[PDB]
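Below: the structure, in structure tokens.
When we count neighbours, we look across all protein chains shown, and the Cβ atoms used for this are built from the backbone with ideal geometry, even at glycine. Taken together, the values in this text are just the output of simple stated rules run on the coordinates, not laboratory data.
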Ligand SMILES: Cc1c[nH]nc1CN1CCN(c2nc(-c3[nH]c(C)c4c3CCCC4=O)cs2)CC1
């Protein structure tokens, strides 16, 4: 049940218009400095893969990964960049849907 809400929220983030930067891992070969700056990469397919495996104990671990996506985004991208702007939309989406359950 704690993971049935995570399925709902992850499904809704995956299909969100602003999700396009976060659907697959950043490729550090294409992004100068990414590997140096982002210690713990995270993205939605990685969360999906881990949810399919059953690798989440509670919903808080799920939220930890979600929040990590948007912490990384705000660490690497300017708030007015195209990726930064998408990340703010996705972050506010996640925080609001999360509170709409817990
Ligand atoms: C499914 C879809 C919908 N619209 N377009 C597509 C296909 N996409 C094509 C473009 N793409 C892209 N991701 C990024 C991306 N993401 C993050 C979290 C980034 C970056 C840049 C470096 C900084 C950073 O932290 C840039 S370009 C991947 C997917």
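Give me a count of the residues in the range 19-37 that are more than 6 Å from the ligand (Cβ to nearest atom) and closer than 14 Å to residue 82 by Cβ.
1
Restricting attention to the range 7-17, which residues are within 12 Å of the ligand (Cβ to nearest atom) and either over 16 Å from residue 98 (Cβ atoms) or without any contact (Cβ under 8 Å) to a residue 12 or more places away in the chain (or both)?
Of everything in the range 7-17, those that are within 12 Å of the ligand (Cβ to nearest atom) and either over 16 Å from residue 98 (Cβ atoms) or without any contact (Cβ under 8 Å) to a residue 12 or more places away in the chain (or both) turn out to be 15, 17.
Checking the condition away from the ligand (no atom under 16 Å from the Cβ) and part of a loop (DSSP other than H, G, I, E, B), which residue from 57, 4 passes?
On the way: 4 fails: part of a loop (DSSP other than H, G, I, E, B).
On inspection, the qualifying residue turns out to be 57.
Counting only residues that are loosely packed, with under 11 Cβ neighbours inside 10 Å and in a loop (DSSP other than H, G, I, E, B), how many does the range 13-37 have?
4
Any idea which residue in the range 68-81 is farthest from the chain's Cα centre (by Cα), counting only those that are closer than 17 Å to residue 39 by Cβ and without any contact (Cβ under 8 Å) to a residue 12 or more places away in the chain?
Checking each candidate, the answer is 77.
For the range 38-54: of the residues being touching a helix residue (DSSP H, G or I) at 6+ places or on another chain (Cβ under 6 Å) and in a helix (DSSP H, G or I), which is nearest to the ligand (Cβ to nearest atom)?
44
Cβ-Cβ under 9 Å, sequence separation 6+ or interchain: first residue in the range 28-51 and within 18 Å of residue 78 (Cβ to Cβ), partner surrounded by fewer than 11 Cβ atoms within 10 Å (Cβ to Cβ). Which pairs?
So the pair list comes out as 34/27; 37/75; 38/75.
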